[PDB]
Each structure stands twice: as C-alpha cells, then as structure tokens.
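Down below is the structure, laid out as structure tokens.
Since every read-out is calculated from the coordinates, none of them should be taken as a lab result. In this analysis, Cβ positions are derived from the backbone assuming ideal geometry, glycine residues included, and neighbour counts consider all displayed protein chains.
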Amino acid sequence: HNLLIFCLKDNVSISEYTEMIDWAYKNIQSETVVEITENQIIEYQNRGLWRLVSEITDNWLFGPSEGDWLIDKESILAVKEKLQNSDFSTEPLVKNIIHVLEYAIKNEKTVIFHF
Ligand SMILES: [Mg+2]
C-alpha cells in the first residue's frame, strides 16, 4: 500500500479517520492525493526531500515509515515554503506535494500523511 500525502476534496466531508484513508486509496485520481511509491521514497530520501519536511514536522528524519501524520495549516504553510524554495521545487513529485498543500490551504483541510 503506497505512501499517501493527501487532503479531502472540497465537497467531501468524511470524518471517520479509517474512512478518510479508504477515500484516499479510492481517489488516487484526485489532485488532492499524492501516491508515492517505494522507488520515489528512496529517490527522494537520498536527495533530502523527507529531511526538508522533517525540518518542520520533526518526523521522517530517516524517511517515511508505517504510520499516520496530520499536518495543520501552520505546518502546511511552513512545509510548502520549504519545498517552493528547495533545489527540486520544480520536480513533479515536489510540485504534486505542493499542490496538495495549496489546495488544503485554500479549502481549509488537514493534510494527512499515511503509510
Ligand atoms: Mg469548501
């Protein structure tokens, strides 16, 4: 089951957590869902992406692992800034994560990391 970084869409309110995760795995087509494969995890670990995230969240110091993480507006903006200012800020995965963050800001959503 790939790592997800996501928020719900604008007109989706599902409050039960397990059900939100189920929604994300069922809506991988969504612009609000980033699916991240093992090979992406490794590629970006070795380039310092997760370390950049960890500067704000203090998690994933050694990359992602099984678990659930919830990112609030303050941290969403802070991570978004880190990524926009980074050396891979134009690479698709980073753009895709940025986009989830922007959407969550715009639509007042919590961002979930799930693996
Ligand atoms: Mg709305």
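Quick one: Karplus J couplings for the range 25-36, per residue in order, coefficients 6.51, -1.76, 1.60, θ = phi - 60°, nearest Hz, x for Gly and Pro?
Working through the residues one at a time gives 5, 7, 10, 4, 6, 4, 4, 8, 10, 10, 9, 10 Hz.
For a protection proxy built on the mean count of beta-carbon atoms within 10 angstrom, sort 93-103, 4-14 highest first, please.
Descending packing order for the listed peptides: 93-103, 4-14.
Starting from the range 1-63, pick out the GluC sites (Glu not before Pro) whose DSSP state is loop and whose Cβ has at most 15 other Cβ atoms within 10 Å.
Taking the range 1-63 and a limit of 15 other Cβ atoms within 10 Å, the loop GluC sites (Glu not before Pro) found are 16, 31.
Picking from 57, 90, 115, whose Cα lies most toward the positive end of the charge dipole for the chain (charges on Cβ: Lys, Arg +1; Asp, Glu -1)?
The residue sitting farthest along the positive end of the dipole is 90.
Please list, ordered by chain and number, the residues whose modelled amide H lies under 5 Å from the amide H of residue 34; skip anything fewer than 5 residues away on the same chain.
Excluding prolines and chain starts, which carry no amide H, the hits are 5, 6.
Using packing as a proxy for protection, rank 22-30, 107-115 so that the peptide with the highest average count of other Cβ atoms within 10 Å comes first.
Ranking, from highest mean packing down: 107-115, 22-30.
Residue by residue through the range 85-92, what is 3J(HN,Hα) from phi via Karplus (6.51 cos²θ - 1.76 cosθ + 1.60, θ = phi - 60°)? Round to whole Hz and write x for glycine and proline.
8, 7, 6, 10, 5, 9, 7, x
Could you check how many percent of all C-alpha pairs in the chain are farther apart than 24 Å?
16 percent
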